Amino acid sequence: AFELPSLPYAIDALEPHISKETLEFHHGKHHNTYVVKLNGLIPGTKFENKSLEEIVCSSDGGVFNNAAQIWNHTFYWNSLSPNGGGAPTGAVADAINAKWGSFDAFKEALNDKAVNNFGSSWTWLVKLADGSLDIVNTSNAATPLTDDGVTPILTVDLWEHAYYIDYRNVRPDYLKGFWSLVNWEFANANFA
């Protein structure tokens, strides 16, 4: 059966951007629930002995919602670090300048995509077939993991549980937090 991965850092490590309480609900409860629900839908079925990724790339309805959500959250914990934040570095820093002209223009373009991402959703930094970086929004459990030629680089969870405890309704406050946490090492790893 699938397991809930351990968080890549201590539960208070993202303070004060993301609270210890948010992490216990978000990772300990929400992410956990997608794991048990998936574990509850696959016994006996054809997805029974497939990896998480084979499942999200070949499933539907409830099996897809849960498997994609487990995958999205794991990627999300990885896009954050108590050692991240600030200016981008390496390959991704230059790729960002190539597409948007400057990091600041990129921040503004992602923030705009994120605040207007209606309902439960995800905003992704992705690498396209032509080697270039782009920003795409998915809704509910959808993920670019399933689009040919699109490689997920970083993600920001915009479902309301991702920030309500800490920022209530103001997404820009949450996004300011994200930027202080962005894991550029994870980004560069996915990009290369």
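In case it trips you up, residue 1 is the first one in the sequence shown, and so on.
Averaging the C-alpha B factors as listed in the entry, name the stretch that ends up higher: 125-133 or 45-53. Going by the record's values, the stretch with the higher mean is 45-53.
Entry-level comparison of average CA B-factors, 56-64 and 136-144, reporting the higher stretch: Higher mean C-alpha B-factor: 56-64.
Residue of maximum C-alpha B factor among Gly101, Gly90, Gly85, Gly119, per deposited coordinates: The listed residue with the largest C-alpha B-factor is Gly90.
Compare the C-alpha B factor of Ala162 with those of the other modelled residues in its chain, then answer lowest, middle or highest third. Lowest third.
Ranked by Cα temperature factor within the chain, is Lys113 in the lowest third, the middle third or the highest third? Highest third - that is where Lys113 ends up once the chain's C-alpha B-factors are sorted.
Going by the CA temperature factor in the PDB record, which third of the chain does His17 belong to: lowest, middle or highest? Its C-alpha B-factor belongs to the middle third of this chain's values.
Using the B-factor values recorded in the entry, state whether the Cα atom of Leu154 falls in the lowest, middle or highest third among the modelled residues of its chain. Lowest third.
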